[PDB]
Structure formats: structure tokens, C-alpha cells
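Here Cβ is always computed from backbone atoms with ideal geometry, including for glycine, and neighbour counts include all displayed protein chains. Computed from the coordinates by the stated procedures, all read-outs in this text should not be read as laboratory data.
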Amino acid sequence: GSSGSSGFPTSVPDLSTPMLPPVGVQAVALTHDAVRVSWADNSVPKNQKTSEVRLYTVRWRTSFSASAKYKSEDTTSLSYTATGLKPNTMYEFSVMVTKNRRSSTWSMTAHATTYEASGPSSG
């Protein structure tokens, strides 16, 4: 065969949890200190109406930073705007849900660096 390539586990397959986190988590960068994190809802198909509650949380912290702090915000939407960030710096974003008076695991992480302050990089 080959000398090994792309052979590393990302997330434990066959998630056996009583909950189901979001998917297709994308991290869009609006400005040096702005990042629009948009994702999709899996637990809820095209059409579905349930009488249960649910809250989506968003956390992010300096990627590859010794003294980093994990943030957390509450949003009843599938998109959150990360304001007050560091320019020319990227972080890790993730989405989750809290239903049944309990919180579930976070979904795939999304990388997205911010534009260099004092003028957005141009071509």
C-alpha cells in the first residue's frame, strides 16, 4: 500500500446519545471582529412540528492559544454573529442543543479566520 495518508479518527462514529446535535456547521467571517456562524438542523427534517423546547448554544475560543477562554451564547436561531473578536486571528466554533432539561454534545467544528484590521485584505 502507501505510507499512510488521511488516516485519523475525527469523531466517534455511531453516536449513541439521547440527543442529536446540528450539522454542516459553517463559520463565515464578516469583518476583522465579526464572524457569522451558520449551520443546519438535522434533528428537525424538512417538515415537522413538536411540542418540545430547545436552545442552541455557541462557543468559541482562541485557536492554539495557551491562555484561552471558552465563550458561550444563547440563540434561538441557526445563525450567530460573533462580535468583539481579534483581527487576523482564527478560532474554533461549534453549535449544540439543550432539550429535555439536558444538554447534548457539540457538532463538527468550523474554522474561519478574521480579516486583517486597518483594512480588509484585497487582491
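Checking the structure you have, find out if any residue of region 40-56 is buried (at least 16 other Cβ atoms within 10 Å of the Cβ) and of a type in the set (V, I, T).
So far as region 40-56 goes, no, none of its residues is buried (at least 16 other Cβ atoms within 10 Å of the Cβ) and of a type in the set (V, I, T).
Filtering region 1-33 down to residues that are polar (S, T, N, Q) and part of a loop (DSSP other than H, G, I, E, B), which residue is nearest to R102 (Cα to Cα)?
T17
Regarding region 61-74, can at least one residue be identified that is surrounded by 10 or more Cβ atoms within 10 Å (Cβ to Cβ), touching a residue at least 60 places away in the same chain (Cβ under 8 Å), more than 10 Å from the chain's Cα centre (by Cα) and not in a loop (DSSP other than H, G, I, E, B)?
No - not one qualifying residue is present in region 61-74.
Report, ordered by the first and then the second residue, all pairs with beta carbons closer than 9 Å, sequence separation of six or more or different chains, a first member in region 1-25 that is in contact (Cβ under 8 Å) with a residue 12 or more places away in the chain, and a second member that is part of a loop (DSSP other than H, G, I, E, B) and of a type in the set (K, R).
As it stands, the answer is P18/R102; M19/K99; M19/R102, since those pairs meet every condition given.
Keeping to region 81-119, report how many residues are surrounded by fewer than 18 Cβ atoms within 10 Å (Cβ to Cβ), polar (S, T, N, Q) and either touching a strand residue (DSSP E or B) at 6+ places or on another chain (Cβ under 9 Å) or within 18 Å of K69 (Cβ to Cβ) (or both).
Residues meeting the conditions: 9.
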